[PDB]
4 protein chains.
Amino acid sequence: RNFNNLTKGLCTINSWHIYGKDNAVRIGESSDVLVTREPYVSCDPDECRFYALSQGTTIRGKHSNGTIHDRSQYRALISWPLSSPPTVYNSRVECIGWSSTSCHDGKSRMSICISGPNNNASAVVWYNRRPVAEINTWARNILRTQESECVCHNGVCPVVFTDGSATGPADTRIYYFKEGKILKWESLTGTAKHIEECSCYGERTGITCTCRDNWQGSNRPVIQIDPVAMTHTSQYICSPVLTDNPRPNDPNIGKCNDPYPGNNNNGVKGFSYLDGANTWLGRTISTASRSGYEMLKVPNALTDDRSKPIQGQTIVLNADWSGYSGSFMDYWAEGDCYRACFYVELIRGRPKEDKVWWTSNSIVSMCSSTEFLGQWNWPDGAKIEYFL
Amino acid sequence: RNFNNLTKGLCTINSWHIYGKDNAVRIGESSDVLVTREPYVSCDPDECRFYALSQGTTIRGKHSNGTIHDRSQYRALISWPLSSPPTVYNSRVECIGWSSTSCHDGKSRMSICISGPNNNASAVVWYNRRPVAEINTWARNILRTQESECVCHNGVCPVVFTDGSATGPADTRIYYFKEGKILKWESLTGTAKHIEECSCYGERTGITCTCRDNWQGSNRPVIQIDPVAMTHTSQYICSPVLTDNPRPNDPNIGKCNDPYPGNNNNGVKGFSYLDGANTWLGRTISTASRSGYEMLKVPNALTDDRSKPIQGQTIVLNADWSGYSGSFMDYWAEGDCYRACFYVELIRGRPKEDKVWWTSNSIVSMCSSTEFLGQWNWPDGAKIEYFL
Amino acid sequence: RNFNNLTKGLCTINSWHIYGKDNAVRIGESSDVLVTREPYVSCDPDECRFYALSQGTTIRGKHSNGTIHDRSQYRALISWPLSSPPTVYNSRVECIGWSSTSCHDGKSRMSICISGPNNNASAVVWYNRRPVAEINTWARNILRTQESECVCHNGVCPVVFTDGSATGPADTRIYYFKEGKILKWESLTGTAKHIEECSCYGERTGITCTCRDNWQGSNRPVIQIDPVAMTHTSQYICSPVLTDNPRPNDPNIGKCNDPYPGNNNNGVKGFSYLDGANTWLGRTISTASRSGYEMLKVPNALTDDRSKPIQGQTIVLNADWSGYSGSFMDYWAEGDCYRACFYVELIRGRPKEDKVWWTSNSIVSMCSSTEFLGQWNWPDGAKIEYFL
Amino acid sequence: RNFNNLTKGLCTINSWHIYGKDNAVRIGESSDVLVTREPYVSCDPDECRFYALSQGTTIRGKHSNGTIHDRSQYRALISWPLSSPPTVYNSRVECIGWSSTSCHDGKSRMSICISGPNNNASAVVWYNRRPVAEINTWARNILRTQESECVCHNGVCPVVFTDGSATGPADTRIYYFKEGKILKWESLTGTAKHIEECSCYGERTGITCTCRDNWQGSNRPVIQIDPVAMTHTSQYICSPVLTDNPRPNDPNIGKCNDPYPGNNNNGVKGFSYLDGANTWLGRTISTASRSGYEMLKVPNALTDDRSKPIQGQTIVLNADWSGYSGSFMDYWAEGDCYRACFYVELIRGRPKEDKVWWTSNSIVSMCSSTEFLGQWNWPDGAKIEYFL
Ligand SMILES: *[C@@H]1O[C@H](CO)[C@@H](O[C@@H]2O[C@H](CO)[C@@H](O[C@@H]3O[C@H](CO[C@H]4O[C@H](CO[C@H]5O[C@H](CO)[C@@H](O)[C@H](O)[C@@H]5O)[C@@H](O)[C@H](O[C@H]5O[C@H](CO)[C@@H](O)[C@H](O)[C@@H]5O)[C@@H]4O)[C@@H](O)[C@H](O[C@H]4O[C@H](CO)[C@@H](O)[C@H](O)[C@@H]4O[C@H]4O[C@H](CO)[C@@H](O)[C@H](O)[C@@H]4O[C@H]4O[C@H](CO)[C@@H](O)[C@H](O)[C@@H]4O)[C@@H]3O)[C@H](O)[C@H]2NC(C)=O)[C@H](O)[C@H]1NC(C)=O
Ligand SMILES: *[C@@H]1O[C@H](CO)[C@@H](O[C@@H]2O[C@H](CO)[C@@H](O[C@@H]3O[C@H](CO[C@H]4O[C@H](CO[C@H]5O[C@H](CO)[C@@H](O)[C@H](O)[C@@H]5O)[C@@H](O)[C@H](O[C@H]5O[C@H](CO)[C@@H](O)[C@H](O)[C@@H]5O)[C@@H]4O)[C@@H](O)[C@H](O[C@H]4O[C@H](CO)[C@@H](O)[C@H](O)[C@@H]4O[C@H]4O[C@H](CO)[C@@H](O)[C@H](O)[C@@H]4O[C@H]4O[C@H](CO)[C@@H](O)[C@H](O)[C@@H]4O)[C@@H]3O)[C@H](O)[C@H]2NC(C)=O)[C@H](O)[C@H]1NC(C)=O
Ligand SMILES: *[C@@H]1O[C@H](CO)[C@@H](O[C@@H]2O[C@H](CO)[C@@H](O[C@@H]3O[C@H](CO[C@H]4O[C@H](CO[C@H]5O[C@H](CO)[C@@H](O)[C@H](O)[C@@H]5O)[C@@H](O)[C@H](O[C@H]5O[C@H](CO)[C@@H](O)[C@H](O)[C@@H]5O)[C@@H]4O)[C@@H](O)[C@H](O[C@H]4O[C@H](CO)[C@@H](O)[C@H](O)[C@@H]4O[C@H]4O[C@H](CO)[C@@H](O)[C@H](O)[C@@H]4O[C@H]4O[C@H](CO)[C@@H](O)[C@H](O)[C@@H]4O)[C@@H]3O)[C@H](O)[C@H]2NC(C)=O)[C@H](O)[C@H]1NC(C)=O
Ligand SMILES: *[C@@H]1O[C@H](CO)[C@@H](O[C@@H]2O[C@H](CO)[C@@H](O[C@@H]3O[C@H](CO[C@H]4O[C@H](CO[C@H]5O[C@H](CO)[C@@H](O)[C@H](O)[C@@H]5O)[C@@H](O)[C@H](O[C@H]5O[C@H](CO)[C@@H](O)[C@H](O)[C@@H]5O)[C@@H]4O)[C@@H](O)[C@H](O[C@H]4O[C@H](CO)[C@@H](O)[C@H](O)[C@@H]4O[C@H]4O[C@H](CO)[C@@H](O)[C@H](O)[C@@H]4O[C@H]4O[C@H](CO)[C@@H](O)[C@H](O)[C@@H]4O)[C@@H]3O)[C@H](O)[C@H]2NC(C)=O)[C@H](O)[C@H]1NC(C)=O
Ligand SMILES: CCC(CC)[C@H](NC(C)=O)[C@@H]1[C@H](O)[C@@H](C(=O)O)C[C@H]1NC(=N)N
Ligand SMILES: CCC(CC)[C@H](NC(C)=O)[C@@H]1[C@H](O)[C@@H](C(=O)O)C[C@H]1NC(=N)N
Ligand SMILES: CCC(CC)[C@H](NC(C)=O)[C@@H]1[C@H](O)[C@@H](C(=O)O)C[C@H]1NC(=N)N
Ligand SMILES: [Ca+2]
Ligand SMILES: [Ca+2]
Ligand SMILES: [Ca+2]
Ligand SMILES: [Ca+2]
C-alpha cells in the first residue's frame, strides 16, 4: 500500500545458509520443465519467486535443440514459485523478450523485457502487469539489461542498460522509473570503462550495483546510485581478489579506476556485497571456466586495492558447473536489517556438455546468517547421460 | 464495482510493441497443450487473458487427427493466463461451443458460445460464470459470432451475430446485452453487404467493428455502434489498401458502400483501428494465402477512397503462416487514452502443412507505442518435422 | 454468510441448453486424467464444479487395469473446475471412499464418503473441509448413498442412504444434517419398495428425490422430503413412461405405489423434474443397455398413471454410450426461479467395450431454457481404438 | 490473527476413520509425481496439507535410481493439498534439506529444514515463508529433527532435535521457538536414553512427544513438554505392548525408565496418544520389518508397566508394507475437544522391493471417532511389476 523505502543496513554476514534450489534439470529429465537461462530471484511484499528467460520449449522437447542461442522470438521472462522448477503449468510470463529485469516497489512490480533484432531492439516497461513505457535502441547493437532484479526507493527504481559493442566501448545508460514511467535517464559516468549485467541491492546508503566488464576487465565494475537525487558514480572493485570469469590469477594490487587486464572479450554476470568490514564477494572457483562457486569475506574490497580474504564459504565445487550469479534481498522481511541473498545459475548442456543439443540451468540460492554455519556444496545434480 | 464507460480516445499509434506470445505449438510438441483455433485476447479489470476454441484434445494426442474441422461437440471456449500456452491443466472453460465472444463490463464477464448442428444451432449467454439467456438460430444455417472480444459501455455490451449463407446474402443481427440479458436486437442496416467475425474496440465516440465479407468483398465491412442509443450503421473501409485474404492487388480507388470484387466465397477474420490520421490497418502480406502480417498507417482509411500508407510495421514475415487477427484493449489501464492492441493467430498444420493430421495455432499479440520502435518479426516457431 | 433457503419455484422448461462437457476420455488418451465413474455436478455460492469417484490411477496408467471394480481402497470423491477434465493436477479430494454425496448450505459445503469392506462400511461426514460426524453400517451390506448432490434448506441437508441387499428388501434411511452434525434420521416410509442412488433437487415446496429401484421396479421410486419438519414420504413415478434401465417397453398404465415388473436385480441412477405441467423425465433411449439419453416432457408424471410425452429432446444418440444421470441446480443464481440442470455420465470401456481393460467416463451437462432451442447430440467423443 | 492456545482435551477415541490417502505410487506410475519419503500431515487454520521430503526427481524419472539414500542436496520439505499426490506441479517447497518439522501457531507457519554434510549440518528456521533463525550442528554428526509436525501454544513452538550417534549416546536438545526466533533451548533430561524423530501432539495438559530409541530400546521414549514454563521431562512408555520396529515379542512387564532390550541400532518413527483410559498406541504388525499397522487401546500405557490392549483396529495388513507414522491434529476444528489423528507412511521400493532402483512412499491417514466404526485395511495399492 506504500512504496518501500531503503531504511536499513545490511545484516552482519558471518556465513551463508541455503535459501532455495529447484533441481530443474533433474526433474525436467521426466517432467514438462521449460528450458531456461539467465535466472534470478525477486521478492514481492508477500512472496519471493524464481525468475528466468524461458526458451519457449521443454528440455525433453525436440525444440530444445539449439537453445545455446541467446536471442530468439521464443524467449520470455517467466516467474514461478520459490524452489519449484519452471514448468509449463506453473510459470507466469511477465513479458516477452531475451533480456530482462524486474522489481517490486512496495505497491506493484515493474518488469522490463527487451526484444528485437540486434540492430532494432526495444525495451517494454511493464508495471502492475500492464505495459506502460517503451524505449528504443540508441546504439543499434543489442540493447540489453541486468538479468537480475532492480531495486526501488520511495517508488523510484533505477535500472542499468547497455547498448553497443560487447567487446569495446558501448553506450550505458541508467534509467529512473516510477510506476513504469521514465522520470529521467543518464549516460554512464565515472571510471568504469565497460558495463554489462549489473547485479544490484539497496540499503540506507543507496543502491549498489556490481557489473561485468566484458571488454578488458576481470575486476568488476561497480555503479553506485542515489535513488533520491537520481544520480550515480562508477568505478571498479579495488580488491586484487578478482571476481570475473575467465580471469587472471589474483595479484596483490587491484585496480580501482580501470580494467584489470589479462582476459578480453568475455566475462560472467556476478555480484558482491560491499559494506566495509562486512564485505563479501562471489566468484567462480575456476579462473578458466564457469565451474565452482565461492563467497569470500574481503574487508573494504570496494576501496582497498590490497584487500585479501579473511573468511570464505564454498557454494559449488569446482568439479560442478556454475554460471551467472546475482543479488537480491527480501526488503519486506521483519527485523532491523536487510539479509543479503544471492543465487547461482547452474548451467547444464552446451557448450561444455555437448553430447546433448540443449542448454539449460537450475538454480541454487543462499542468504546470509549471523551464525557461523557449516558449509556444504550444491551441485545441479542431474546426470547428463540420462538425457542421451 | 462500477460498469466501465468508454471515456477516452485512442493513444497515438507511432509503432507497435510486443505484448504477448505463447509459443503453444513449440511447447505442445512435448507438453499437454490443447489443440485450438480462433484465439483472441480479452481483459478483466485485474487481469488480461488468452482465449480460444479448444478442440477437446492435445496436439500429441491421437484425437488431434481431424482437427481441421470447424464445428464438433468437443469444442469449447477456454481462457488461460497471458502468454502461457493453453494446457489441459491451466485452461478455464468459459462455455461449450464452436463459435464465441466474451467481454468484461467492469463488474463481471459475459461469455457467449454457440453450439449445435448447422440447421439447429443456439447461443448461450453466460454472465458472471452462469448461463443467463439463450438465442435460437433464426436462419437455420450455422448461427455464428465474432471470435474476438466484445466491448461494453455502462453495462451495455453489443455483439454481432450472423446466421445464413457464408457465400451469399445472410441474416446479420446486432444484439445488445446487459448482465447477460437481451435488451434489444437489430437487423443489419447500412451498406455492408455481408458480415462475418467482427473485430471490435470502443472509445468515447462509440464502438467500431471491422468485419469479414465472405461473399463478394475483399475490402472489409465496418459496423459502427452507439451503445447508448443502441443503434448502428455499416459501410466498408473506403481505402484501396485492401485487407481481406485472399484478395486482389491494391487499386487506387477503393469502395465505401459495396464489396470490392475479385475474390468470392472466402476471407479471413481481421481488424483495424479507424481514428482519422491515427488510423492503422492490419493485413496478411500475401494476397493469396494466410501468410505474413503487417500493420499499415493509412490516414482516414474509413472515409477516404484514395488513402495510401504513410508508415508501416511488419509483424510476421510472408514466409511464416498467419491466420485470424482481431482487436482488444485494456480498458482498465491507467492514463488518459486507450492503448490499441491486437493479436494474430499463427495457424500450423492443415490444410497448408498436411504431413501432420492436425490443425492448431499459437498466438502473438502487440499493443501500440507512442515511440517509433524498431520492428522484429514473430513466427510461430515450431518445426513441423518434429511432429512426424 | 447466510444459509440458503429454497424460496423459488422451477423455471419453465421449454428446452435444454448445453451447460458443461469435459471430454475427459478424449483428453485422457494423452494427458494425466484420472479414471473416474459416478460423476455429478454441484454448486457453491461462487462456483460450480464437477465431482466424481476417482479410481486412484490415470487412464493411460497401467493401474487402470481392473477399474470396472466398484469399491476399492483407492477411490475418493474428487472435485474439479467445471468442464475441465479430472486431472491429477487440478482435482481436489473431498474425502476418501467409494460412494458419495456433497452439497453447499450457503455457508459451507458438506461432503460424505463411505468406505470399508462390504460387511463393515462407514460414512464420514465432512463439513467445511473437516470431518465432523461418522455413521457405521446398520445392515452390514455395502452402506451406500446418492452419487449426486444433496440439497439444503436453512442449514438442514437431508441425505438418502441404503444398507442391505441390492437385489431384495434393504434398509433405507433418510439422515438430516446441519453443519455436518446429525439432527435426526428416519427409516424409509411410503410405498417405494427399494431405494438406490437418489437424485435430488429443492424448491419452495420442498426437496424431491428420484431414485433407482434395483430390485423389481423399472419405474423410478420418488422420495419427497420436508427439510423443515424433517419428514418424508415415498412412492413411484405413476407415469407409464418408464425411466430405469434396463426396462420393459412403455405400457399405457404405470404404477404409483409398487414396482413396475419385467426387469429384476438391475437399474441405473437417473433423475426427473416433477413439477405439474412443467414435468420432465430423463432416460436412456435403449431399454436394454446404457446407451442414448433423452428428456421427455410428461405432464404430471408423478401423479398421473396415464401420462405420455408432449415434447422431448435428444441428449445422446442411442448409438453412443451413456450411464448414470442426476440433478443439480445453481441455487445461488440471480432471478426469480431455479433453473433445472442435469448431467449424464458417458461410460467408456468395460464391460461393453472390452478391448480395453479399464472403465471410465466423461461428463455432459445441460440446464433448462425458457426458449425452444434446437437440439444436438453429445457423445463422449473418444475413439476406443486409439487406446489399443 | 491470534496465537492458538491448547485449551481442550482429546476427544474420546472409540475407533478410527479414514481421513486421507494419496495413492501416490499408483498415480506416479504414469504421472509426474515426486519421489518422497518421511511424510507427515499438518494443519493451518484454514487448510490441512500433506508434507514430505522430496528427492528432487519423479518416480518414472531416471534420477529415481538411488533414492534409498537419506541425505542429498536434492531433497526439500514440500507440502501439497490433502490426499493429492506430491506432483511437480502442485507441490510447494517449504525449505531445503533432508530432515524437517513444521507447524502453524495460529498466525503463521514455522518450517525447519536441516541440510549439510554429516559433520557440518545446519538447521534453518522459516517463519511466514521467510528464513528467520539458523542453528549450527553441535555434535558434528547428522543434526536431525522430528519428521512430523511440531505443536504450538500461545506462539511458543517446541521442537526436538538430536545430534550425535544414531547407535549410541547422542546430544538431544529441545528448542523453544516463537515467530521463528529462539527463545530458549534445553539439553535432554529425564530417563529416556536415546531420542529420534519425535511425534508430538498438544492438549490442555501440555505437549506430548513419542519418539524412537534407535540405540537399545524397543519401547518408545516419551518427552513431555510444558510450553509455558518451557521445560520438559522424559521417560519411556511403561507398557509391555512394545511399539518400535524391529522389536522383541511383547512381555508382561515393560520398562518405564530404561530401554527394553532385544534389538539394537534400529527402529522406526512412530507415535502414541497417551491419555489415561483413552490411550491408544500405534505399531507395525510385524516385529521383524516395516509391514502392517495397527492401533491398540492400552489404558494408562504411559504409566502402567502391566498394561495390555482392550480394543484394537487394523490399519494396514501385515502383508502390506508400512513405514514411518506420526501424530497431528486439526487444532482449529470446531467443538469441545481435539480429534486425534495420525498418518502412516507406506514405503515402496528399496530395500525390500529391489527389482526397482527407487524408494518412495504413499500416505494413509486416520482420525478418531467417538463411534465404534467398522475397520478396513489400507494398502499403498501399487503393483511393483508395472514399474519393471
Ligand atoms: C565446517 O564448516 C565450516 C564453515 O564453513 C568450515 O570452516 C571454513 O573452512 C573454509 C575452508 O578452509 C574457510 O574458508 C577459507 O578461508 C580462508 C581465510 O581464512 C584463513 O585466513 C585468514 C586470514 O589470515 C591472514 O590474516 C591473519 C590475521 O590474523 C593472519 O594471522 C594470517 O597469518 C594471514 O595473514 C585467517 O584469519 C583464518 O584463520 C582463522 O580461521 C581459521 C579457520 O579457517 C582458524 O583455523 C584460525 O584459528 C582462525 O580463526 C584462516 O587461516 C580463505 O583464504 C580461503 O579462500 C582461499 O582458499 C580457497 C581454497 O580453499 C580458494 O578457493 C579461495 O579462492 C582462496 O584462495 C585463493 O585466493 C587467494 C586470495 O587471492 C589466494 O591468496 C590463494 O592463493 C588462492 O588463489 C588461487 O585460487 C583462486 C581460486 O581458484 C584463483 O582465483 C587464484 O588465481 C589462485 O589460483 C577459504 O575461503 C572458512 O573461512 C571456514 N569458516 C569458518 C567460520 O571457520 C569447516 O572447515 C567445516 N568443517 C569440516 C570438518 O569440514
Ligand atoms: C528498424 O525499425 C524501424 C521501425 O520499424 C524500420 O523503419 C521502418 O521501415 C519499414 C520498412 O521500410 C517502413 O514500412 C514501410 O512504410 C512505407 C511508408 O513509408 C514510405 O512512404 C511514405 C509515403 O510517401 C508518400 O507520401 C510522401 C509525403 O511526403 C511523399 O513524399 C512520397 O514521395 C510518397 O508520395 C513516406 O512518407 C516515407 O518516408 C518517410 O519514412 C522513411 C522511412 O520509411 C524515411 O526514410 C523518409 O525520410 C521519411 O521520413 C516512406 O518513404 C509503406 O509504403 C510500406 O508498405 C508497403 O511496402 C511493403 C513492402 O515493404 C508492403 O508489404 C506493404 O503492403 C506496402 O506496399 C504494398 O501496398 C502499397 C499500397 O497499396 C502498394 O503501393 C505497394 O505496391 C505494395 O503493394 C503490393 O504488395 C501488397 C502486400 O503484399 C499487395 O497487397 C499489393 O497487392 C501489391 O502486390 C512499409 O510499411 C516503416 O514505416 C519504417 N518505420 C519508421 C518509423 O521509419 C527500420 O527500417 C529498421 N531498421 C533497420 C536497419 O532494419
Ligand atoms: C431442431 O430442434 C428442434 C428442438 O429440439 C426439433 O424439434 C423437436 O423434434 C423432436 C423429435 O421429433 C421432438 O421430440 C419428440 O416429441 C414427441 C412429442 O411431440 C409430439 O407429440 C405431441 C403429443 O401429441 C399427442 O397429443 C396431442 C395433443 O394435441 C395430439 O394432438 C396428438 O395427436 C397426440 O395425441 C404433439 O403435441 C406434438 O406436436 C407438436 O409438436 C410438433 C413438433 O414435434 C409439431 O410438428 C406439431 O405441429 C405440434 O406443435 C408432436 O407430434 C415425443 O413423443 C417424442 O418422443 C418419442 O419418440 C422418440 C423417438 O423419436 C422416442 O425416443 C421417445 O422415447 C418417445 O417415443 C417412445 O415413447 C413413447 C411413450 O411411451 C411411445 O409411445 C413410443 O412408441 C416410443 O416408445 C418406444 O421407444 C422408447 C424409447 O426407446 C421405449 O422405451 C419404448 O419401450 C418403445 O420401444 C420426441 O421426444 C421435440 O418435441 C421437438 N421440439 C420442438 C420444440 O418442436 C427439430 O426437429 C429440429 N429441426 C431439425 C430440422 O432437425
Ligand atoms: C467390523 O469392524 C469391527 C471394528 O473394527 C471389528 O471388531 C473388532 O475386531 C478386532 C479384531 O478382533 C478387535 O481388535 C482386537 O482387540 C483385542 C482386544 O479385545 C479383546 O480382548 C479384550 C480384553 O480382554 C481381557 O480383559 C477382559 C476384561 O473383561 C477379560 O474379560 C478378558 O478375558 C481378558 O482378560 C476384551 O475385552 C474384548 O472383548 C470385547 O470385545 C469383543 C470384540 O472384539 C467382544 O466379542 C466381547 O464381547 C467384548 O465386548 C476382546 O476379547 C486385541 O487383543 C487384539 O489385538 C491383539 O491381537 C491382534 C491379532 O488379531 C494382534 O495384531 C495385536 O497386536 C494383539 O495381539 C498381540 O499383542 C498382545 C498384547 O501383547 C499379545 O497378548 C498377543 O499374543 C499378540 O502378540 C503377538 O503379536 C504381536 C503383533 O504382531 C507381536 O508384537 C507380539 O510379539 C506377539 O507375537 C485386536 O486388536 C477390535 O477390538 C474389535 N472392535 C470392536 C469395537 O469390537 C469386527 O470384527 C468387524 N466385523 C467383521 C465381521 O469383520
Ligand atoms: C552479446 C551480449 C552478451 C552480454 C555481455 C549476452 N546478452 C544478450 C542480451 O544477448 C549474454 C551472453 O552472450 C551470454 C553469457 O555470457 O552466458 C548470455 C547472454 N545474455 C542473454 N541471452 N540474455
Ligand atoms: C461457415 C462459416 C465460417 C465463417 C465465415 C466459419 N465459422 C464457423 C462457426 O464454422 C469459419 C471458417 O470456416 C474457418 C476459417 O475461415 O478459418 C474457421 C471457422 N470458424 C469457427 N470454426 N469458429
Ligand atoms: C451394489 C450396489 C450398487 C448400486 C445399486 C453399486 N454401489 C456401490 C457403492 O457399490 C453401483 C453399481 O454396482 C454400479 C452401477 O450399476 O454402474 C456402480 C456402483 N456404485 C459405486 N461404485 N459407487
Ligand atoms: Ca571480463
Ligand atoms: Ca472476402
Ligand atoms: Ca430396476
Ligand atoms: Ca529401537
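Residues numbered from 1 in each chain as written, not as in the entry; some residues may be left out. Chains lettered and ligands numbered in written order. Heavy atoms only, no water.

Enquirer: How would you sum up the UniProt feature "binding site: substrate" (unreviewed entry) in chain A? Please name residues and give values.
Expert: Residues and elements named next belong to chain A. Per the UniProt record, "binding site: substrate" (unreviewed entry) is found at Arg37, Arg71, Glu196, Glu197, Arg212 and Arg290. When you line up the elements, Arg71 lands in the loop between β4 (48-58) and β5 (76-81). When near neighbours in sequence (up to four residues on either side) are disregarded, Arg71 contacts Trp98, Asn118 and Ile142. At a separation of 3.2 Å, a polar atom in the side chain of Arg71 contacts the side chain of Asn118. By the element assignment, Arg212 lies in strand β15 (residues 206-212). Reaching out from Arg212, the side chain makes a polar contact with the side chain of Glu197 at a distance of 2.8 Å. (UniProt positions renumbered as here; feature names shortened; annotations may be inferred. Helix = DSSP H or I, 4+ residues; strand = E, 2+ residues; numbered from the N terminus. Contact = heavy atoms within 4.5 Å. Polar contact = N/O pair within 3.5 Å; in protein donor to acceptor, adjacent residues only side chain to side chain.)

Enquirer: Residues and numbers for the coordination of the calcium ion (ligand 8), please.
Expert: Residue and element names in this part refer to chain A. Summarising the metal site, the calcium ion (ligand 8) is bound by the protein donors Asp213 (O), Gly217 (O), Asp244 (OD) and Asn266 (O), whose distances to it range over 2.4 to 2.5 Å. Going along the chain, you hit the donors of the calcium ion (ligand 8) in the pattern D-x3-G-x26-D-x21-N. On the criterion of sequence distance, the pair formed by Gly217 in the loop between β15 and β16 (221-226) and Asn266 in the loop between β17 (231-236) and β18 (272-273) is long-range, its members being 49 residues apart. By relative accessible area, which is 1% here, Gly217 ends up buried. What makes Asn266 partly exposed here is its relative accessible area of 36%. (Donors = N, O, S within 2.8 Å, 3.2 Å for Na, K, Ca; no water. Buried < 20%, exposed > 50% of the residue type's maximum accessible area, 1.4 Å probe, protein only.)

Enquirer: Describe unusual backbone geometry, naming the residues involved and giving the relevant values.
Expert: A cis amide bond links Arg350 of chain A with the next residue in sequence, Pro351 of chain A, at an omega value of 5°. Position of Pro351 of chain A among the secondary structure elements: in the loop between β24 (340-349) and β25 (359-369). Omega for the peptide link from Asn245 of chain D to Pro246 of chain D comes to 0°, which places this bond in the cis form. A positive phi angle, close to 50°, is found at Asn23 of chain A, a residue other than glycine. Along the chain, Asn23 of chain A falls in the loop between β2 (15-21) and α1 (24-28). The class for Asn23 of chain A is buried, based on a relative accessible area of 5%. The phi dihedral of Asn265 of chain D falls on the positive side, at around 60°, and the residue is not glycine. Here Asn265 of chain D is to be found in the loop between β17 (231-236) and β18 (272-273).

Enquirer: With reference to specific residues and values, describe the relation of the copies chain A and chain D.
Expert: Structural alignment of chain A on chain D gives an RMSD of 0.0 Å, achieved by rotating through 90° and translating 0.0 Å along the axis. Accordingly, the operation relating the two chain copies is best matched by a four-fold axis. Of every C-alpha in chain A, the one belonging to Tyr89 of chain A sits nearest the axis of rotation, 4.8 Å from it. (Least-squares fit on C-alpha atoms.)

Enquirer: So, the site of ligand 4: which residues are in play, and what are the values?
Expert: The local shell around ligand 4 holds 18 residues, among which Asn120 of chain C together with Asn249, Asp250, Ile285 and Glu294 of chain D are the closest. In this structure ligand 4 sits where residues from chains C and D come together. Take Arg283 of chain D: an N or O atom from its side chain is 2.9 Å from an oxygen atom of ligand 4. Taking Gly312 of chain D, its main chain carries an N or O atom lying 3.1 Å from an oxygen atom of ligand 4. When ligand 4 sits alone it has 1700 Å² of accessible area, and the protein chains cover 39% of it. Contributions of two or more residues to the shell around ligand 4 are made by β20 (291-297) and β21 (311-321) of chain D. Of the residues belonging to the shell around ligand 4, the class tally is six nonpolar, eight polar and four charged. (Near = heavy atom within 4 Å. Areas by Shrake-Rupley, 256 points an atom, 1.4 Å probe, with all protein chains shown as cover. Nonpolar A, V, L, I, M, F, W, Y, C, P; charged D, E, K, R; others polar.)

Enquirer: Tell me about the site of ligand 6, and please be specific about residues and values.
Expert: Residues and elements named next belong to chain B. Residues in close proximity to ligand 6 total 15 residues, the closest being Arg37, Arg71, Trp98, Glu147 and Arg290. Interatomic distance of 3.0 Å between a side-chain N/O atom of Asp70 and an oxygen atom of ligand 6. Between ligand 6 and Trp98 there is a distance of 2.8 Å, counted from a nitrogen atom to a backbone nitrogen or oxygen. For ligand 6, the protein covers 88% of the area, taking 520 Å² as the surface of the free molecule. Counting residues per element, the ones that place at least two in the shell around ligand 6 are β3 (34-43) and β14 (196-203). Per-class residue counts for the shell around ligand 6 are four nonpolar, no polar and eleven charged.

Enquirer: How would you explain the UniProt feature "binding site: Ca(2+)" (unreviewed entry) in chain A if you had to name every residue and give the values?
Expert: Residue and element names in this part refer to chain A. According to UniProt, the "binding site: Ca(2+)" (unreviewed entry) feature falls on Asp213, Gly217, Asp244 and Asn266. These annotated residues cover 54 residues of sequence, and their C-alpha atoms all fall within 8.9 Å of one another, placing them together at a single site. Among residues more than four places away in sequence, those in contact with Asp213 are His194, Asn219, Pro221, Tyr236, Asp244, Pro259 and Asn266. Here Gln216 takes part through its backbone nitrogen, which lies 3.1 Å from a polar atom of the side chain of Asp213. Position of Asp244 relative to the elements: it lies in the loop between β17 and β18. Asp244 gets classed as buried once you look at its relative accessible area, which sits at 0%.

Enquirer: An account of the sheet that holds strand β12 (residues 170-178) of chain B is requested, with residue identities and associated values reported.
Expert: Residue and element names in this part refer to chain B. Spatial strand order, β11-β12-β13: three strands in an open sheet with antiparallel pairing. Edge positions in the sheet fall to β11 (156-164) and β13 (181-187), since each of these pairs with one other strand and no more. When strand polarity is set aside, the average angle formed by the axes of neighbouring strands in this sheet is 25°. Of the strand pairs in this sheet, β11 and β12 are connected by nine bridges, and their pairing is antiparallel. When the sheet's bridge partners are listed, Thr162 is paired in β12 with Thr172. (Pairing = 2+ DSSP bridges. Axes fitted to C-alpha atoms, helices over the stretch in contact; angles between N-to-C directions.)

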